[PDB]
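Novice: This structure is in structure tokens; I'll ask about it shortly.
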Amino acid sequence: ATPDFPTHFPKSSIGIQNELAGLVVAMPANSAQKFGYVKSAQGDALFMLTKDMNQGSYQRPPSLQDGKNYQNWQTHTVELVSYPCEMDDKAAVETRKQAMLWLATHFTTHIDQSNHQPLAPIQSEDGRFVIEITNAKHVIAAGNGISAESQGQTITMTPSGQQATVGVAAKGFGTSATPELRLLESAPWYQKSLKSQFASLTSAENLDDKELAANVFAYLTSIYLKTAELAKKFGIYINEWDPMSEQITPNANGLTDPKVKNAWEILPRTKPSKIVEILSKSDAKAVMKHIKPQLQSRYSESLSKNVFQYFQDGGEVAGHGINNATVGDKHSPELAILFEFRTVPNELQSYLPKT
Ligand SMILES: Nc1ncnc2c1ncn2[C@@H]1O[C@H](COP(=O)(O)OP(=O)(O)O)[C@@H](O)[C@H]1O
Ligand SMILES: [Mn+2]
């Protein structure tokens with residue numbers, strides 16, 4: 001079984017996603033996404049071997065007929081998904097990049113001499129890296145997996161196939177305390193002016209933590225307003241809001257449509273309603289009560305009510321969120337909130353392997 005991601009980090013954390021070019025994985029229909037993982041010789045899990053983009057049904061080349069059942073098998077692109085590490089852990093970052101580059105060279109040899117065969121659990125020649133196979137029901141094939149023989153491809157990785165996910169303490173969002181926090185706060189959807197705006201609205205209120213409440217208000221309001229903006233732009237059916245009732249033609253399949261996720265640029269990956277836990281019950285109620293008018297002064301009553309209600313009931317920004325991530329002291333863990341960089345910015349390029 002492929003280990004689940006570790007959830008706790010002392011400070012800011014980072015994960016990388018790297019789509020490979022030059023090959024496909026073929027697996028039975030409705031297989032689990034993970035088919036293996038690469039770990040260090042010391043035992044530390046570095047990255048997962050996953051299927052990503054469906055490339056159509058798999059057909060075993062007739063010249064490679066082996067008496068085996070490949071019925072209803074699907075081909076997919078391969079994505080290498082790192083286990084998260086500490087952002088400032090140079091050794092952990094470098095080992096992940098080197099292990100991905102080694103695996104690409106091992107795949108290059110695999111499609112040359114073992115085309116349309118599963119990957120075997122092996123140790124690298126230098127002894128640094130180990131492949132563990134968790135689903136033996138797969139095959140690796142050059143190109144698009146149609147021909148029996150490769151075109152002598154080198155397995156590569158490119159910025160267009162790359163993403164990074166940064167995890168930070170939820171209490172830090174809006175403080176600009178670290179370079180990672182300043183990078184996240186530069187997201188176009190994040191409206192820092194909402195912090196001082198909240199301060200002006202709540203002068204007569206006796207808040208348990210005014211600075212923390214203003215940070216949470218600005219974070220949540222920015223997300224709610226961006227969601228309403230995107231629903232209107234792409235004609236998204238959010239909760240009970242119908243874009244067609246406001247003469248908007250749908251041009252996305254939902255909040256999880258890749259073009260909608262790209263529009264965020266820095267995509268929140270954690271359920272927004274979780275951040276309410278970092279505040280006192282009293283402070284949370286004061287923050288929540290002030291969000292509704294921010295939507296209603298910019299958007300229709302129906303869109304404002306539907307976006308507010310959706311996130312209040314634990315709705316996700318774009319599908320299944322990473323909601324169990326934590327930061328700080330292992331004994332008294334604090335909420336971590338994660339963000340996907342849809343395109344890797346210059347500041348995070350050093351975390352990504354380069355062919
Ligand atoms: N605590 C964490 N801190 C930072 N990044 C994390 C953390 N947990 C997971 N990630 C990262 O999030 C990404 C996971 O997205 P993914 O599971 O591949 O989506 P899906 O399976 O739905 O296609 C990886 O880069 C992983 O390292
Ligand atoms: Mn995936």
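Residue numbering restarts at 1 in every chain; chains get A, B, ... in the order shown in the structure tokens, and ligands count up from 1 in that same order.
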All residues within 9 Å of ligand 2 are required, counting only C-alpha atoms and all ligand atoms; please report them as a PDB file with N, CA and C atoms, in the first residue's frame.
Specialist:
ATOM      1  N   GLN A  17       4.045  18.378  -8.122  1.00  0.00           N
ATOM      2  CA  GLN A  17       3.367  17.462  -9.046  1.00  0.00           C
ATOM      3  C   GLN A  17       4.051  17.608 -10.386  1.00  0.00           C
ATOM      4  N   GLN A  33      -5.713   5.615  -8.200  1.00  0.00           N
ATOM      5  CA  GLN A  33      -4.768   6.501  -8.879  1.00  0.00           C
ATOM      6  C   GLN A  33      -3.308   6.123  -8.674  1.00  0.00           C
ATOM      7  N   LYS A  34      -2.944   5.676  -7.466  1.00  0.00           N
ATOM      8  CA  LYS A  34      -1.566   5.291  -7.126  1.00  0.00           C
ATOM      9  C   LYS A  34      -1.275   3.855  -7.512  1.00  0.00           C
ATOM     10  N   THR A  50       1.520   7.864 -10.088  1.00  0.00           N
ATOM     11  CA  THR A  50       0.088   7.956 -10.305  1.00  0.00           C
ATOM     12  C   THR A  50      -0.312   8.069 -11.755  1.00  0.00           C
ATOM     13  N   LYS A  51      -1.578   7.746 -12.021  1.00  0.00           N
ATOM     14  CA  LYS A  51      -2.191   7.930 -13.336  1.00  0.00           C
ATOM     15  C   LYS A  51      -2.852   9.290 -13.238  1.00  0.00           C
ATOM     16  N   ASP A  52      -2.770  10.072 -14.312  1.00  0.00           N
ATOM     17  CA  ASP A  52      -3.324  11.427 -14.299  1.00  0.00           C
ATOM     18  C   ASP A  52      -4.426  11.603 -15.350  1.00  0.00           C
ATOM     19  N   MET A  53      -4.060  11.988 -16.580  1.00  0.00           N
ATOM     20  CA  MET A  53      -5.012  12.279 -17.642  1.00  0.00           C
ATOM     21  C   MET A  53      -5.354  11.053 -18.476  1.00  0.00           C
ATOM     22  N   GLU A  79       1.835  10.885 -13.595  1.00  0.00           N
ATOM     23  CA  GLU A  79       2.232  12.049 -12.833  1.00  0.00           C
ATOM     24  C   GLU A  79       3.000  11.624 -11.571  1.00  0.00           C
ATOM     25  N   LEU A  80       4.160  12.250 -11.343  1.00  0.00           N
ATOM     26  CA  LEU A  80       4.951  11.992 -10.138  1.00  0.00           C
ATOM     27  C   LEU A  80       4.553  13.043  -9.073  1.00  0.00           C
ATOM     28  N   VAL A  81       4.020  12.568  -7.932  1.00  0.00           N
ATOM     29  CA  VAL A  81       3.456  13.387  -6.840  1.00  0.00           C
ATOM     30  C   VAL A  81       4.283  13.224  -5.563  1.00  0.00           C
TER      31      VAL A  81
END
Novice: Compile a residue-level contact table for chain A against ligand 1 at a cut-off of 6 Å, reporting for every qualifying residue the shortest atom pair and its distance in Å to one decimal, with only C-alpha atoms and all ligand atoms counted, rows ordered by chain and ascending number, as a tab-separated table.
Specialist:
residue	atom	partner	partner_atom_place_in_ligand_line	distance
A:5	CA	ligand 1	8 (N)	5.8
A:7	CA	ligand 1	1 (N)	5.0
A:13	CA	ligand 1	3 (N)	4.5
A:14	CA	ligand 1	4 (C)	4.0
A:15	CA	ligand 1	27 (O)	3.3
A:16	CA	ligand 1	25 (O)	3.9
A:17	CA	ligand 1	25 (O)	4.9
A:81	CA	ligand 1	24 (C)	5.4
A:82	CA	ligand 1	27 (O)	4.7
A:83	CA	ligand 1	27 (O)	4.5
A:84	CA	ligand 1	27 (O)	4.1
A:164	CA	ligand 1	25 (O)	5.8
A:165	CA	ligand 1	5 (N)	4.7
A:166	CA	ligand 1	4 (C)	4.8
A:167	CA	ligand 1	3 (N)	4.3
A:325	CA	ligand 1	1 (N)	4.8
Novice: Looking only at strand (DSSP E) from DSSP on the backbone, list the matching residues of range 9-115 of chain A as an MDAnalysis selection string.
Specialist: chainID A and resid 9 13:21 23:27 34:40 45:57 74:82 85:86
Novice: Please save N, CA and C atoms of the selected residues as a short mmCIF file (atom, residue, chain, number, x, y, z; two decimals), in the first residue's frame.
Specialist:
data_model
loop_
_atom_site.label_atom_id
_atom_site.label_comp_id
_atom_site.auth_asym_id
_atom_site.auth_seq_id
_atom_site.Cartn_x
_atom_site.Cartn_y
_atom_site.Cartn_z
N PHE A 9 3.85 19.35 9.81
CA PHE A 9 5.16 19.98 9.55
C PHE A 9 5.41 21.07 10.57
N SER A 13 5.26 24.10 4.47
CA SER A 13 5.55 22.87 3.75
C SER A 13 5.29 23.01 2.25
N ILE A 14 5.89 22.11 1.45
CA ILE A 14 5.77 22.13 0.00
C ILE A 14 5.69 20.72 -0.57
N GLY A 15 4.88 20.60 -1.61
CA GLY A 15 4.71 19.41 -2.41
C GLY A 15 4.78 19.80 -3.87
N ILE A 16 5.21 18.87 -4.71
CA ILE A 16 5.31 19.10 -6.16
C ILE A 16 4.58 18.01 -6.95
N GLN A 17 4.04 18.38 -8.12
CA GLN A 17 3.37 17.46 -9.05
C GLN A 17 4.05 17.61 -10.39
N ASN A 18 4.44 16.48 -11.01
CA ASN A 18 5.22 16.51 -12.24
C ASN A 18 4.70 15.48 -13.26
N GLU A 19 4.02 15.97 -14.31
CA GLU A 19 3.49 15.11 -15.36
C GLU A 19 4.59 14.72 -16.35
N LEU A 20 4.78 13.41 -16.58
CA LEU A 20 5.83 12.95 -17.49
C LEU A 20 5.41 12.97 -18.93
N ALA A 21 6.38 13.22 -19.82
CA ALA A 21 6.14 13.15 -21.26
C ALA A 21 6.89 11.94 -21.80
N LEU A 23 5.50 8.71 -22.37
CA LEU A 23 4.92 7.41 -22.01
C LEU A 23 3.50 7.51 -21.41
N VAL A 24 2.86 6.35 -21.26
CA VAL A 24 1.57 6.22 -20.60
C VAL A 24 1.64 5.04 -19.64
N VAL A 25 0.68 4.99 -18.73
CA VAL A 25 0.47 3.84 -17.87
C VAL A 25 -0.90 3.33 -18.32
N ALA A 26 -1.07 2.00 -18.44
CA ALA A 26 -2.37 1.41 -18.71
C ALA A 26 -2.75 0.56 -17.52
N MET A 27 -4.00 0.68 -17.04
CA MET A 27 -4.46 -0.02 -15.85
C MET A 27 -5.92 -0.44 -16.03
N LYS A 34 -2.94 5.68 -7.47
CA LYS A 34 -1.57 5.29 -7.13
C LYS A 34 -1.28 3.86 -7.51
N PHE A 35 -0.15 3.61 -8.20
CA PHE A 35 0.25 2.25 -8.57
C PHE A 35 1.63 1.92 -8.00
N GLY A 36 2.24 2.90 -7.33
CA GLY A 36 3.54 2.72 -6.69
C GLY A 36 4.09 3.98 -6.07
N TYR A 37 5.34 3.90 -5.60
CA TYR A 37 6.06 5.00 -4.97
C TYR A 37 7.56 4.74 -4.94
N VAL A 38 8.32 5.84 -4.86
CA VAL A 38 9.76 5.82 -4.79
C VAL A 38 10.13 6.34 -3.42
N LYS A 39 11.01 5.60 -2.74
CA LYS A 39 11.50 5.99 -1.43
C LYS A 39 13.03 6.01 -1.47
N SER A 40 13.65 6.63 -0.46
CA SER A 40 15.11 6.60 -0.36
C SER A 40 15.49 5.22 0.21
N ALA A 45 9.73 8.02 2.12
CA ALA A 45 8.89 8.07 0.92
C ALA A 45 9.06 9.46 0.24
N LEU A 46 9.45 9.45 -1.04
CA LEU A 46 9.76 10.66 -1.80
C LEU A 46 8.63 11.16 -2.70
N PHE A 47 8.05 10.26 -3.50
CA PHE A 47 6.96 10.57 -4.41
C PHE A 47 6.15 9.36 -4.80
N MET A 48 4.92 9.60 -5.24
CA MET A 48 4.00 8.56 -5.68
C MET A 48 4.01 8.49 -7.19
N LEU A 49 3.75 7.30 -7.71
CA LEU A 49 3.57 7.01 -9.13
C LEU A 49 2.07 6.91 -9.33
N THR A 50 1.52 7.86 -10.09
CA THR A 50 0.09 7.96 -10.31
C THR A 50 -0.31 8.07 -11.76
N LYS A 51 -1.58 7.75 -12.02
CA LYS A 51 -2.19 7.93 -13.34
C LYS A 51 -2.85 9.29 -13.24
N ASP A 52 -2.77 10.07 -14.31
CA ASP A 52 -3.32 11.43 -14.30
C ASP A 52 -4.43 11.60 -15.35
N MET A 53 -4.06 11.99 -16.58
CA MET A 53 -5.01 12.28 -17.64
C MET A 53 -5.35 11.05 -18.48
N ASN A 54 -6.66 10.70 -18.54
CA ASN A 54 -7.14 9.58 -19.33
C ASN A 54 -6.84 9.84 -20.82
N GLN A 55 -6.14 8.91 -21.49
CA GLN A 55 -5.79 9.04 -22.91
C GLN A 55 -6.55 8.06 -23.81
N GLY A 56 -7.63 7.49 -23.31
CA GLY A 56 -8.44 6.54 -24.06
C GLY A 56 -8.18 5.10 -23.66
N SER A 57 -9.03 4.19 -24.14
CA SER A 57 -8.96 2.76 -23.81
C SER A 57 -7.68 2.14 -24.32
N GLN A 74 -7.64 1.18 -19.34
CA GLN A 74 -7.52 2.57 -19.81
C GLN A 74 -6.09 3.02 -19.79
N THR A 75 -5.70 3.90 -20.73
CA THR A 75 -4.35 4.49 -20.72
C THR A 75 -4.45 5.86 -20.07
N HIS A 76 -3.39 6.25 -19.39
CA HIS A 76 -3.33 7.54 -18.72
C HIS A 76 -1.94 8.07 -18.79
N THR A 77 -1.79 9.38 -18.63
CA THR A 77 -0.47 9.98 -18.49
C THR A 77 0.00 9.63 -17.06
N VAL A 78 1.31 9.67 -16.83
CA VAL A 78 1.89 9.38 -15.52
C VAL A 78 2.24 10.71 -14.87
N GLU A 79 1.83 10.88 -13.59
CA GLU A 79 2.23 12.05 -12.83
C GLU A 79 3.00 11.62 -11.57
N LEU A 80 4.16 12.25 -11.34
CA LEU A 80 4.95 11.99 -10.14
C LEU A 80 4.55 13.04 -9.07
N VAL A 81 4.02 12.57 -7.93
CA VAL A 81 3.46 13.39 -6.84
C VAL A 81 4.28 13.22 -5.56
N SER A 82 5.04 14.25 -5.21
CA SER A 82 5.93 14.14 -4.07
C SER A 82 5.17 14.09 -2.77
N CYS A 85 7.37 18.05 2.13
CA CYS A 85 8.52 18.21 3.02
C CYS A 85 8.50 19.65 3.52
N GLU A 86 9.41 19.98 4.47
CA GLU A 86 9.56 21.35 4.96
C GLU A 86 10.13 22.19 3.83
#
Novice: For residue 315 in chain A, please output as number ranges by chain all residues within 12 Å (counting only C-alpha atoms; exclusion window: fewer than 2 positions along the same chain).
Specialist: A: 223-224, 227, 238-239, 255, 269-274, 306-313, 317-321, 323
Novice: Give me every alpha helix (DSSP H) residue in range 148-187 of chain A, going by DSSP on the backbone, as a list in words.
Specialist: residues 179, 180, 181, 182, 183, 184 and 185 of chain A
Novice: Can you write just those residues out, N, CA and C atoms, as a short mmCIF file (atom, residue, chain, number, x, y, z; two decimals), in the first residue's frame?
Specialist:
data_model
loop_
_atom_site.label_atom_id
_atom_site.label_comp_id
_atom_site.auth_asym_id
_atom_site.auth_seq_id
_atom_site.Cartn_x
_atom_site.Cartn_y
_atom_site.Cartn_z
N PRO A 179 8.59 34.97 3.42
CA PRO A 179 8.51 35.11 1.95
C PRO A 179 7.39 34.27 1.31
N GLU A 180 7.08 33.07 1.89
CA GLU A 180 6.03 32.15 1.40
C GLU A 180 4.66 32.79 1.59
N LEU A 181 4.46 33.46 2.75
CA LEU A 181 3.20 34.14 3.08
C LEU A 181 2.99 35.32 2.15
N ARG A 182 4.07 36.09 1.86
CA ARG A 182 4.04 37.24 0.94
C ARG A 182 3.76 36.76 -0.47
N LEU A 183 4.28 35.57 -0.85
CA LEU A 183 4.01 35.00 -2.17
C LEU A 183 2.51 34.64 -2.31
N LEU A 184 1.92 34.03 -1.27
CA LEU A 184 0.50 33.63 -1.25
C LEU A 184 -0.41 34.84 -1.20
N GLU A 185 0.01 35.88 -0.50
CA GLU A 185 -0.77 37.10 -0.38
C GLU A 185 -0.76 37.93 -1.67
#
Novice: Would you mind reading off the distance between CA of residue 256 in chain A and CA of residue 268 in chain A, one decimal, in Å?
Specialist: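 About the pair CA of residue 256 in chain A and CA of residue 268 in chain A: they are 11.9 Å apart.
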Novice: Between A:337, A:156, A:2, A:122, which has the minimum distance to residue 219 in chain A (counting only C-alpha atoms)?
Specialist: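 When distances to residue 219 in chain A are compared using only C-alpha atoms, the smallest one comes from A:337.
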Novice: Rounded to one decimal place, report the CA of residue 296 in chain A-CA of residue 250 in chain A distance in Å.
Specialist: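 According to the coordinates, CA of residue 296 in chain A and CA of residue 250 in chain A are separated by 22.2 Å.
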Novice: So which residues touch residue 289 in chain A within 12 Å, counting only C-alpha atoms, skipping near sequence neighbours fewer than 5 positions away, as a list in words?
Specialist: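 Contacts, in chain order: residues 198, 201, 202, 213, 217, 220, 221, 282, 283, 284, 294, 295, 308 and 312 of chain A.
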Novice: Kindly give the distance, in Å, that separates CA of residue 87 in chain A and CA of residue 348 in chain A, rounded to a single decimal.
Specialist: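 If I compute the distance from CA of residue 87 in chain A to CA of residue 348 in chain A, I get 9.9 Å.
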Novice: Write out as a short mmCIF file (atom, residue, chain, number, x, y, z; two decimals) with C-alpha atoms, in the first residue's frame which residues come within 9 Å of residue 344 in chain A when counting only C-alpha atoms, dropping same-chain ones fewer than 6 positions away.
Specialist:
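File written: part31.cif
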data_model
loop_
_atom_site.label_atom_id
_atom_site.label_comp_id
_atom_site.auth_asym_id
_atom_site.auth_seq_id
_atom_site.Cartn_x
_atom_site.Cartn_y
_atom_site.Cartn_z
CA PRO A 159 7.18 23.44 -16.66
CA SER A 160 3.77 23.04 -18.40
CA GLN A 162 4.46 20.99 -13.28
CA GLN A 163 2.67 22.30 -10.18
CA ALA A 164 3.62 23.07 -6.56
CA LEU A 352 11.09 21.39 -9.43
#
Novice: Pick from A:153, A:101, A:31, A:330: nearest to residue 136 in chain A, with only C-alpha atoms counted?
Specialist: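 Of all the options, A:31 lies closest to residue 136 in chain A.
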Novice: Using only C-alpha atoms, which of the listed residues (A:287, A:260, A:126, A:236) sits closest to residue 208 in chain A?
Specialist: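 Answer, going by the shortest atom-to-atom distance: A:287.
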